[PDB]
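# Coordinates in review
The residues making up each chain are set out below.
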Amino acid sequence: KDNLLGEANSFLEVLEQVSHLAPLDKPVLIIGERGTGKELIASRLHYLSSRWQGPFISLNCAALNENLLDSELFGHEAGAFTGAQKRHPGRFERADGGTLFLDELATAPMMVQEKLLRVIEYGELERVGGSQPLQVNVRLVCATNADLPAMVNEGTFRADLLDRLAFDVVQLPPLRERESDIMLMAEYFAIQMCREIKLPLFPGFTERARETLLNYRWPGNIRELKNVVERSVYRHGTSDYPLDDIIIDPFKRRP
DNA sequence: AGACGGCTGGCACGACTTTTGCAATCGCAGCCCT
Ligand SMILES: Nc1ncnc2c1ncn2[C@@H]1O[C@H](COP(=O)(O)OP(=O)(O)O)[C@@H](O)[C@H]1O
Ligand SMILES: [Mg+2]
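Residues numbered from 1 in each chain as written, not as in the entry; some residues may be left out. Chains lettered and ligands numbered in written order. Part of a larger assembly, values for the part shown. Heavy atoms only, no water. Residues with missing side-chain atoms left out of burial classes, pairs and counts.

As stated in the entry header, the method of structure determination is cryo-EM and the reported resolution is 6.6 Å.

What follows is the structure, encoded as structure tokens:
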């Protein structure tokens, strides 16, 4: 499919579950830490999914405000629209039969929440008069980094609607918990950045870098992975000289 | 007897008017161009 970061037993099982869900057009949930890219994984699995070649929706959550699905997802394609009349494309109508991914869906308001709840209850929220229904055939996807478990417990979203929006919630475990893909990512990023930073060679994570990583809590995980990647890009040293002090923390004050 | 008067209107600038000067996107689908 695509070049992938992480082939661990957990990562491999994730790939297997992705294959299982790929036929499953029923909406599901892939949970994980941000700065990893589970959305890209969803895109690859969608290429493997029912829509082997189909549409795709990015749909960052807080990209629409005071803009209903009717404003953007449904659109104003027909005549007699607001202002002077013309054609206007709509997302949720545009990408039927493809992929419908919701980015940072945990970042959500109550009103859009009530909208999407009915959209799920009816297949799509539809437009205008209450006599008009709709359904969307795109592969519905969504993800964020928040444990909604308490958000619904706090009522930030409708708990029943939360239950409705998916059919199988899956959570990506911490890469820091893995801490084995540490070396694999280090090497892959070393090659990629040697191609990028145009270095003579990859310095290689010397003993101190490995020890620090072993001690590192790595809160950002894949986010912290790219963070350490940039950090070592700062701490290049020499292409020959293996990087023992590879990490570079911006917050710290040297000397 | 040359200067006032008041007429006159030209000279000018803002305030009410006011004609005109603007036509389309839909709707399939079929027929025509490819
Ligand atoms: N398996 C992977 N292979 C290559 N790159 C990855 C992998 N997982 C994560 N990444 C990197 O992490 C980033 C995650 O981006 P994105 O999915 O947009 O985050 P979010 O879903 O929080 O917006 C991507 O830019 C990608 O380069
Ligand atoms: Mg994103």
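Quick look at the pairing of strand 2 (residues 99–103) now. With five bridges connecting them, strand 2 and strand 3 (residues 139–143) associate as parallel partners. Opposite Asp103, over in strand 3, you have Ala143 as the bridge partner. Once the chain exits strand 2 it traverses helix 5 (residues 110–122) before rejoining the sheet at strand 3, and the crossover so formed is right-handed. (Pairing = 2+ DSSP bridges. Helix = DSSP H or I, 4+ residues; strand = E, 2+ residues; numbered from the N terminus. Right-handed = clockwise from strand over helix to strand, strands pointing away.)

Below, the discussion takes up the domain arrangement of chain A. Accessible area lost on assembly of the parts is the figure often given for the size of an interface. When cut into domains, chain A gives domain 1 (3–175) and domain 2 (176–255). Computed over C-alpha atoms only, the centres of domain 1 and domain 2 are separated by 34 Å. At the interface, five residues of domain 1 touch eight residues of domain 2. Per-class residue counts for the side of domain 1 that touches domain 2 are two nonpolar, two polar and one charged. (Domains from an automatic or database assignment. Contact = heavy atoms within 4.5 Å. Nonpolar A, V, L, I, M, F, W, Y, C, P; charged D, E, K, R; others polar.)

The subject of this paragraph is the environment of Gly123. If you trace the backbone, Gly123 turns up in the loop between helix 5 and strand 3. Sequence separation between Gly123 and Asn137 is 14 residues, and the spatial gap between their C-alpha atoms is 8.4 Å. Look past the residues within four positions of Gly123 in its chain and what remains in contact with it is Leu134, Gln135 and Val136.

Okay, unusual backbone geometry next. Look at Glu126: it is not a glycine, yet its phi comes out positive at around 70°. Among the secondary structure elements, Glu126 is positioned in the loop between helix 5 and strand 3. The phi angle at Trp218 is positive, at roughly 50°, despite the residue not being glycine. With respect to the helices, strands and loops of the structure, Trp218 is situated in the loop between helix 10 (207–215) and helix 11 (222–234).

Given 3.6 residues per helical turn, the α-helix brings residues three or four places apart onto the same face. Over its 16 residues, helix 9 (residues 181–196) runs 21 Å from end to end, which matches the ideal 22 Å to within 8%, given 1.5 Å per residue. Phi turns positive, to about 60°, at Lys198, one or two residues after helix 9. (Expected span 1.5 Å × (residues − 1).)

As a further point, take the environment of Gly204. Within the secondary structure layout, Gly204 lies in the loop between helix 9 and helix 10. Sequence separation of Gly204 and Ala190 is 14 residues, and the distance between their C-alpha atoms is 7.4 Å. Leave out the neighbours within four places in its chain, and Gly204 touches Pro242 and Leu243.

On to the environment of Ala143. Summarising the element assignment, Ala143 is placed in strand 3. Dropping the residues within four chain positions of it, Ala143 is found in contact with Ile30, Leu102, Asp103, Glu104 and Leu105.

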